[PDB]
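In the numbering used here, each residue's number is its place in the sequence shown (first place is 1) plus 451. Report on one structure; see the data block that follows.
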Amino acid sequence: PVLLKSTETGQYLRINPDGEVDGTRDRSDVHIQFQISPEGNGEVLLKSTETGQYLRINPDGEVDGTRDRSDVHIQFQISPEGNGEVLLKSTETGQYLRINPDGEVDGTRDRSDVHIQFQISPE
Numbered sequence: 452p453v454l455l456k457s458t459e460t461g462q463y464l465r466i467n468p469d470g471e472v473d474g475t476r477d478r479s480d481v482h483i484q485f486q487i488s489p490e491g492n493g494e495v496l497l498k499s500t501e502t503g504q505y506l507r508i509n510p511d512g513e514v515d516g517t518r519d520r521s522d523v524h525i526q527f528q529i530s531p532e533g534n535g536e537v538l539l540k541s542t543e544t545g546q547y548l549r550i551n552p553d554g555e556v557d558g559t560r561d562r563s564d565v566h567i568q569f570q571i572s573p574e
């Protein structure tokens with residue numbers, strides 16, 4: 452039961468019931484609630500608690516949600532970077548989740564992009 456907040460913009464990751472993913476600063480939005488579940492092998496799934504959808508990063512950088520638990524693109528590695536921040540990385544594609552200032556969420560391989568840093572809050 453956690454929130455995934457972009458350190459740069461203060462925006463929280465949100466999955467809408469239509470599968471669309473964006474960011475919002477509204478901490479009261481029920482759609483920003485996530486459950487992180489272990490896969491064991493160092494990977495986790497990032498599941499929207501209110502809709503049951505897993506975050507997915509597609510190879511073309513598009514981020515959405517699916518309930519398809521067989522999908523290889525829902526697998527993530529959470530990795531420290533520094534100062535209690537983490538990166539949320541797609542195992543299969545090497546892409547980091549990114550929240551842009553306009554609230555649009557996508558994936559990028561640019562390790563130095565300032566918008567890939569997250570704070571996980573246990574809320």
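The beta-carbon is built from N, C-alpha and C at its ideal position, and this holds for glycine as well.
Practice task
In angstroms with no decimal places, state the Cα-to-Cα distance between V537 and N509.
Solution key: 20 Å
Exercise for the section: Would you mind working out which of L455, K498, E532, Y547 sits nearest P468, comparing C-alpha positions? Expected result: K498
Exercise for the section: Buried or exposed for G558, please, with buried defined as at least 16 other CB atoms from any protein chain shown within 10 angstroms of its CB. Expected result: buried
Problem - Minimum C-alpha distance to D522 - residue among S530, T502, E543 - result: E543
Practice task
Rounded to whole angstroms, what's the CA-CA distance from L455 to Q484? Just pull it up for me.
Solution key: 8 Å
Practice task
Identify which residue in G493, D511, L496, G516 has its Cα closest to the Cα of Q504.
Solution key: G516
Problem - Neighbour-count burial assignment, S457, 16 or more Cβ in a 10 Å radius - result: buried
Exercise for the section: Just the C-alpha distance for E471 and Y463, rounded to the nearest angstrom, thanks. Expected result: 14 Å
Handout entry: Euclidean distance between Cα positions of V556 and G474
Key = 7 Å
Practice task
Return the Cβ separation of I571 and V453 in integer angstroms, given the expectation that the two are a contact with Cβ distance under 8 Å.
Solution key: 5 Å
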